[PDB]
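Contents: one structure, followed by commentary.
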Amino acid sequence: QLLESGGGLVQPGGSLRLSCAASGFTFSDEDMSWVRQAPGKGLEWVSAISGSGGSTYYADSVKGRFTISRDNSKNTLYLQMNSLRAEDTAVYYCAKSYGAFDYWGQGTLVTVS
């Protein structure tokens with residue numbers, strides 16, 4: 001169970017803070033990600049954070065604008081979004097980074113030409 005909140009309408013250049021509430025697992029020990037789906041597009045990975053909070057990771061498109069963070073005492077994940085742009089319009093989801101696959105080391109290529 002993960003429940004996102006904080007979405008809304010923002011002017012370009014604006015800020016917004018998304019919150020994700022986790023339950024039913026040891027949050028402290030889980031690497032968490034934010035991912036998003038722009039309208040019509042697929043799922044795009046935005047940011048990730050280690051269990052401790054000691055390591056953070058950002059997609060090139062958001063590096064320097066977004067800040068990922070967590071509060072393990074409150075079992076909650078955050079995404080602070082600043083300097084927002086049209087490209088940032090999307091449905092945002094929080095997710096366990098490695099709960100499903102491993103994206104970075106997986107994959108097989110199918111080319112239909």
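Ligands are numbered from 1 in the order shown, chains are lettered A, B, ... in the order of the structure tokens, and residues start at 1 in each chain.
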
| query | So which residues of chain A fall under helix (DSSP H, G or I) by DSSP, listed as JSON, numbers by chain? | reply | {"A": [27, 28, 29, 72, 73, 74, 86, 87, 88]}

Could you write those residues out with C-alpha atoms, as a compact mmCIF listing (two decimals), in the first residue's frame?
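As written to disk, out-v9.txt reads:
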```
# COMPACT_ATOMS: atom_id res chain seq x y z
CA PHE A 27 9.92 1.35 4.85
CA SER A 28 13.30 2.14 6.51
CA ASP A 29 14.84 -0.73 4.49
CA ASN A 72 11.20 7.11 8.03
CA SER A 73 9.69 7.98 11.41
CA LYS A 74 6.46 8.94 9.60
CA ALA A 86 4.93 22.09 -19.17
CA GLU A 87 6.97 18.86 -19.48
CA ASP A 88 6.28 18.20 -15.77
```

Please build the interface table for stretch 31-68 of chain A against stretch 99-103 of chain A with a cut-off of 10 Å, listing for each qualifying residue the nearest atom pair and the distance in Å to one decimal; count only C-alpha atoms, order rows by chain and increasing number, and write it as CSV.
```
residue,atom,partner,partner_atom,distance
A:31,CA,A:99,CA,8.9
A:32,CA,A:99,CA,9.2
A:45,CA,A:103,CA,10.0
```

Save the residues we just selected, N, CA and C atoms, as a short mmCIF file (atom, residue, chain, number, x, y, z; two decimals), in the first residue's frame?
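What follows is the written file part-v5.cif:
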```cif
data_model
loop_
_atom_site.label_atom_id
_atom_site.label_comp_id
_atom_site.auth_asym_id
_atom_site.auth_seq_id
_atom_site.Cartn_x
_atom_site.Cartn_y
_atom_site.Cartn_z
N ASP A 31 14.47 1.04 -0.87
CA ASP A 31 14.82 2.07 -1.85
C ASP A 31 13.55 2.44 -2.61
N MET A 32 13.19 3.73 -2.58
CA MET A 32 11.94 4.23 -3.15
C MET A 32 12.19 5.16 -4.33
N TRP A 45 10.84 7.40 -15.21
CA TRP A 45 11.42 7.47 -13.89
C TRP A 45 11.94 8.87 -13.61
#
```

Stretch 3-6 of chain A: which residues within 7 Å, counting only C-alpha atoms, same-chain residues fewer than 4 positions away excluded, as a PDB file with N, CA, C and O atoms, in the first residue's frame?
```
ATOM      1  N   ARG A  17       4.765  20.193  -3.643  1.00  0.00           N
ATOM      2  CA  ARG A  17       5.368  19.119  -2.848  1.00  0.00           C
ATOM      3  C   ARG A  17       4.449  17.906  -2.737  1.00  0.00           C
ATOM      4  O   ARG A  17       3.401  17.943  -2.089  1.00  0.00           O
ATOM      5  N   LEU A  18       4.859  16.827  -3.389  1.00  0.00           N
ATOM      6  CA  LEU A  18       4.105  15.585  -3.359  1.00  0.00           C
ATOM      7  C   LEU A  18       4.524  14.770  -2.147  1.00  0.00           C
ATOM      8  O   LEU A  18       5.653  14.839  -1.712  1.00  0.00           O
ATOM      9  N   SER A  19       3.588  14.013  -1.605  1.00  0.00           N
ATOM     10  CA  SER A  19       3.795  13.189  -0.423  1.00  0.00           C
ATOM     11  C   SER A  19       3.293  11.776  -0.756  1.00  0.00           C
ATOM     12  O   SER A  19       2.303  11.600  -1.470  1.00  0.00           O
ATOM     13  N   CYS A  20       3.994  10.768  -0.257  1.00  0.00           N
ATOM     14  CA  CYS A  20       3.581   9.392  -0.466  1.00  0.00           C
ATOM     15  C   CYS A  20       3.632   8.668   0.871  1.00  0.00           C
ATOM     16  O   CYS A  20       4.675   8.672   1.527  1.00  0.00           O
ATOM     17  N   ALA A  21       2.505   8.076   1.269  1.00  0.00           N
ATOM     18  CA  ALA A  21       2.368   7.414   2.567  1.00  0.00           C
ATOM     19  C   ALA A  21       2.457   5.897   2.418  1.00  0.00           C
ATOM     20  O   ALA A  21       1.604   5.279   1.773  1.00  0.00           O
ATOM     21  N   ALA A  22       3.469   5.288   3.037  1.00  0.00           N
ATOM     22  CA  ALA A  22       3.714   3.850   2.869  1.00  0.00           C
ATOM     23  C   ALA A  22       3.239   3.071   4.081  1.00  0.00           C
ATOM     24  O   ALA A  22       3.331   3.547   5.203  1.00  0.00           O
ATOM     25  N   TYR A  93       3.564   8.847  -9.446  1.00  0.00           N
ATOM     26  CA  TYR A  93       3.391   7.668  -8.583  1.00  0.00           C
ATOM     27  C   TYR A  93       4.650   7.462  -7.756  1.00  0.00           C
ATOM     28  O   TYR A  93       5.757   7.649  -8.266  1.00  0.00           O
ATOM     29  N   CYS A  94       4.515   7.052  -6.504  1.00  0.00           N
ATOM     30  CA  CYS A  94       5.688   6.547  -5.773  1.00  0.00           C
ATOM     31  C   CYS A  94       5.692   5.034  -5.884  1.00  0.00           C
ATOM     32  O   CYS A  94       4.639   4.415  -6.020  1.00  0.00           O
TER      33      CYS A  94
END
```

If you run DSSP on the backbone here, which positions in stretch 13-97 of chain A get strand (DSSP E)? Please write them as an mmCIF file with N, CA, C and O atoms, in the first residue's frame.
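Final file, out_10.cif:
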```
data_model
loop_
_atom_site.group_PDB
_atom_site.id
_atom_site.type_symbol
_atom_site.label_atom_id
_atom_site.label_comp_id
_atom_site.auth_asym_id
_atom_site.auth_seq_id
_atom_site.Cartn_x
_atom_site.Cartn_y
_atom_site.Cartn_z
ATOM 1 N N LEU A 16 5.737 22.782 -5.904
ATOM 2 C CA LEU A 16 4.714 21.847 -5.440
ATOM 3 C C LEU A 16 5.416 20.734 -4.667
ATOM 4 O O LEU A 16 6.558 20.380 -4.988
ATOM 5 N N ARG A 17 4.765 20.193 -3.643
ATOM 6 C CA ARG A 17 5.368 19.119 -2.848
ATOM 7 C C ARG A 17 4.449 17.906 -2.737
ATOM 8 O O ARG A 17 3.401 17.943 -2.089
ATOM 9 N N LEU A 18 4.859 16.827 -3.389
ATOM 10 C CA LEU A 18 4.105 15.585 -3.359
ATOM 11 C C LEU A 18 4.524 14.770 -2.147
ATOM 12 O O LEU A 18 5.653 14.839 -1.712
ATOM 13 N N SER A 19 3.588 14.013 -1.605
ATOM 14 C CA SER A 19 3.795 13.189 -0.423
ATOM 15 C C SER A 19 3.293 11.776 -0.756
ATOM 16 O O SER A 19 2.303 11.600 -1.470
ATOM 17 N N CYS A 20 3.994 10.768 -0.257
ATOM 18 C CA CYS A 20 3.581 9.392 -0.466
ATOM 19 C C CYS A 20 3.632 8.668 0.871
ATOM 20 O O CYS A 20 4.675 8.672 1.527
ATOM 21 N N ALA A 21 2.505 8.076 1.269
ATOM 22 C CA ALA A 21 2.368 7.414 2.567
ATOM 23 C C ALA A 21 2.457 5.897 2.418
ATOM 24 O O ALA A 21 1.604 5.279 1.773
ATOM 25 N N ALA A 22 3.469 5.288 3.037
ATOM 26 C CA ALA A 22 3.714 3.850 2.869
ATOM 27 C C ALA A 22 3.239 3.071 4.081
ATOM 28 O O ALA A 22 3.331 3.547 5.203
ATOM 29 N N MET A 32 13.190 3.733 -2.582
ATOM 30 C CA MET A 32 11.940 4.226 -3.149
ATOM 31 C C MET A 32 12.187 5.156 -4.332
ATOM 32 O O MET A 32 13.179 5.869 -4.345
ATOM 33 N N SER A 33 11.268 5.144 -5.301
ATOM 34 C CA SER A 33 11.345 5.976 -6.485
ATOM 35 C C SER A 33 10.060 6.753 -6.688
ATOM 36 O O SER A 33 9.015 6.368 -6.207
ATOM 37 N N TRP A 34 10.152 7.857 -7.398
ATOM 38 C CA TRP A 34 9.003 8.503 -7.976
ATOM 39 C C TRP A 34 9.054 8.280 -9.433
ATOM 40 O O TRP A 34 10.114 8.372 -10.033
ATOM 41 N N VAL A 35 7.918 7.995 -10.044
ATOM 42 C CA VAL A 35 7.850 7.822 -11.516
ATOM 43 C C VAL A 35 6.643 8.591 -11.987
ATOM 44 O O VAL A 35 5.777 8.935 -11.176
ATOM 45 N N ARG A 36 6.583 8.898 -13.277
ATOM 46 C CA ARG A 36 5.471 9.696 -13.779
ATOM 47 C C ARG A 36 5.068 9.330 -15.168
ATOM 48 O O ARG A 36 5.847 8.771 -15.921
ATOM 49 N N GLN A 37 3.832 9.671 -15.493
ATOM 50 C CA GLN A 37 3.262 9.373 -16.776
ATOM 51 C C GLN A 37 2.671 10.634 -17.348
ATOM 52 O O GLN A 37 1.611 11.078 -16.946
ATOM 53 N N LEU A 43 5.530 5.400 -18.771
ATOM 54 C CA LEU A 43 6.069 5.692 -17.448
ATOM 55 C C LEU A 43 7.524 6.093 -17.558
ATOM 56 O O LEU A 43 8.318 5.387 -18.194
ATOM 57 N N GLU A 44 7.856 7.208 -16.912
ATOM 58 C CA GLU A 44 9.184 7.787 -16.925
ATOM 59 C C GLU A 44 9.644 7.887 -15.475
ATOM 60 O O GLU A 44 8.931 8.380 -14.616
ATOM 61 N N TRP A 45 10.842 7.404 -15.207
ATOM 62 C CA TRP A 45 11.423 7.473 -13.887
ATOM 63 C C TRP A 45 11.939 8.867 -13.613
ATOM 64 O O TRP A 45 12.621 9.461 -14.442
ATOM 65 N N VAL A 46 11.614 9.404 -12.440
ATOM 66 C CA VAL A 46 11.925 10.794 -12.116
ATOM 67 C C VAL A 46 13.044 10.878 -11.102
ATOM 68 O O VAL A 46 14.023 11.592 -11.313
ATOM 69 N N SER A 47 12.912 10.153 -10.000
ATOM 70 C CA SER A 47 13.885 10.274 -8.913
ATOM 71 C C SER A 47 13.865 9.050 -7.989
ATOM 72 O O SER A 47 12.921 8.283 -8.008
ATOM 73 N N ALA A 48 14.929 8.843 -7.220
ATOM 74 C CA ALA A 48 14.988 7.692 -6.304
ATOM 75 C C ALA A 48 15.814 8.021 -5.083
ATOM 76 O O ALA A 48 16.646 8.930 -5.119
ATOM 77 N N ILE A 49 15.585 7.291 -3.999
ATOM 78 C CA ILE A 49 16.286 7.560 -2.749
ATOM 79 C C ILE A 49 16.526 6.270 -1.997
ATOM 80 O O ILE A 49 15.684 5.398 -1.978
ATOM 81 N N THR A 56 20.732 9.842 -3.145
ATOM 82 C CA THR A 56 19.630 10.270 -3.984
ATOM 83 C C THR A 56 20.021 10.234 -5.457
ATOM 84 O O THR A 56 21.198 10.231 -5.796
ATOM 85 N N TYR A 57 19.015 10.173 -6.321
ATOM 86 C CA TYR A 57 19.219 10.011 -7.747
ATOM 87 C C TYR A 57 18.130 10.743 -8.512
ATOM 88 O O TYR A 57 16.961 10.635 -8.164
ATOM 89 N N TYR A 58 18.500 11.436 -9.580
ATOM 90 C CA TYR A 58 17.541 12.186 -10.378
ATOM 91 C C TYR A 58 17.701 11.945 -11.884
ATOM 92 O O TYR A 58 18.804 11.745 -12.387
ATOM 93 N N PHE A 66 14.073 19.285 -8.792
ATOM 94 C CA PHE A 66 13.353 18.442 -7.861
ATOM 95 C C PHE A 66 14.284 17.964 -6.743
ATOM 96 O O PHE A 66 15.475 17.751 -6.949
ATOM 97 N N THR A 67 13.726 17.752 -5.564
ATOM 98 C CA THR A 67 14.487 17.181 -4.467
ATOM 99 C C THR A 67 13.654 16.061 -3.853
ATOM 100 O O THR A 67 12.515 16.284 -3.458
ATOM 101 N N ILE A 68 14.221 14.859 -3.806
ATOM 102 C CA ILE A 68 13.543 13.717 -3.214
ATOM 103 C C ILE A 68 14.001 13.645 -1.772
ATOM 104 O O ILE A 68 15.129 13.997 -1.475
ATOM 105 N N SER A 69 13.111 13.242 -0.873
ATOM 106 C CA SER A 69 13.463 13.066 0.549
ATOM 107 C C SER A 69 12.484 12.120 1.217
ATOM 108 O O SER A 69 11.438 11.775 0.658
ATOM 109 N N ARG A 70 12.827 11.688 2.414
ATOM 110 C CA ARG A 70 11.944 10.799 3.162
ATOM 111 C C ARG A 70 11.985 11.061 4.670
ATOM 112 O O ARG A 70 12.942 11.655 5.208
ATOM 113 N N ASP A 71 10.934 10.611 5.341
ATOM 114 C CA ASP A 71 10.874 10.670 6.789
ATOM 115 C C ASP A 71 10.453 9.281 7.263
ATOM 116 O O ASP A 71 9.281 8.940 7.212
ATOM 117 N N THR A 76 7.031 8.066 5.208
ATOM 118 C CA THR A 76 6.589 8.973 4.162
ATOM 119 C C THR A 76 7.723 9.383 3.227
ATOM 120 O O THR A 76 8.863 9.636 3.651
ATOM 121 N N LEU A 77 7.380 9.457 1.950
ATOM 122 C CA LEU A 77 8.310 9.856 0.914
ATOM 123 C C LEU A 77 7.834 11.183 0.344
ATOM 124 O O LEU A 77 6.622 11.414 0.243
ATOM 125 N N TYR A 78 8.782 12.038 -0.045
ATOM 126 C CA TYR A 78 8.463 13.369 -0.549
ATOM 127 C C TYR A 78 9.143 13.636 -1.873
ATOM 128 O O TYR A 78 10.251 13.139 -2.115
ATOM 129 N N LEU A 79 8.486 14.444 -2.711
ATOM 130 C CA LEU A 79 9.132 15.042 -3.884
ATOM 131 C C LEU A 79 8.806 16.510 -3.890
ATOM 132 O O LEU A 79 7.639 16.880 -4.022
ATOM 133 N N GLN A 80 9.837 17.332 -3.691
ATOM 134 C CA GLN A 80 9.733 18.782 -3.777
ATOM 135 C C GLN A 80 10.014 19.156 -5.221
ATOM 136 O O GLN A 80 11.099 18.892 -5.722
ATOM 137 N N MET A 81 9.029 19.730 -5.902
ATOM 138 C CA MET A 81 9.175 20.087 -7.307
ATOM 139 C C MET A 81 9.217 21.596 -7.439
ATOM 140 O O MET A 81 8.259 22.269 -7.051
ATOM 141 N N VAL A 91 0.812 12.327 -14.268
ATOM 142 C CA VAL A 91 0.343 11.654 -13.059
ATOM 143 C C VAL A 91 1.573 11.071 -12.382
ATOM 144 O O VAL A 91 2.307 10.318 -13.013
ATOM 145 N N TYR A 92 1.804 11.436 -11.117
ATOM 146 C CA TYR A 92 3.012 11.012 -10.390
ATOM 147 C C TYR A 92 2.689 9.854 -9.477
ATOM 148 O O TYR A 92 1.642 9.879 -8.840
ATOM 149 N N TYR A 93 3.564 8.847 -9.446
ATOM 150 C CA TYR A 93 3.391 7.668 -8.583
ATOM 151 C C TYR A 93 4.650 7.462 -7.756
ATOM 152 O O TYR A 93 5.757 7.649 -8.266
ATOM 153 N N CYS A 94 4.515 7.052 -6.504
ATOM 154 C CA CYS A 94 5.688 6.547 -5.773
ATOM 155 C C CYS A 94 5.692 5.034 -5.884
ATOM 156 O O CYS A 94 4.639 4.415 -6.020
ATOM 157 N N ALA A 95 6.877 4.442 -5.844
ATOM 158 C CA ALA A 95 7.007 3.009 -6.036
ATOM 159 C C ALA A 95 8.285 2.524 -5.390
ATOM 160 O O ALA A 95 9.214 3.292 -5.211
ATOM 161 N N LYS A 96 8.300 1.254 -5.002
ATOM 162 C CA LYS A 96 9.500 0.586 -4.543
ATOM 163 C C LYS A 96 10.389 0.459 -5.751
ATOM 164 O O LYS A 96 9.960 -0.039 -6.769
#
```

| Selected residue of minimal separation from residue A:39 among A:89, A:84, A:61, A:109, counting only C-alpha atoms |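 Looking only at the distances to residue A:39, the closest residue turns out to be A:89.
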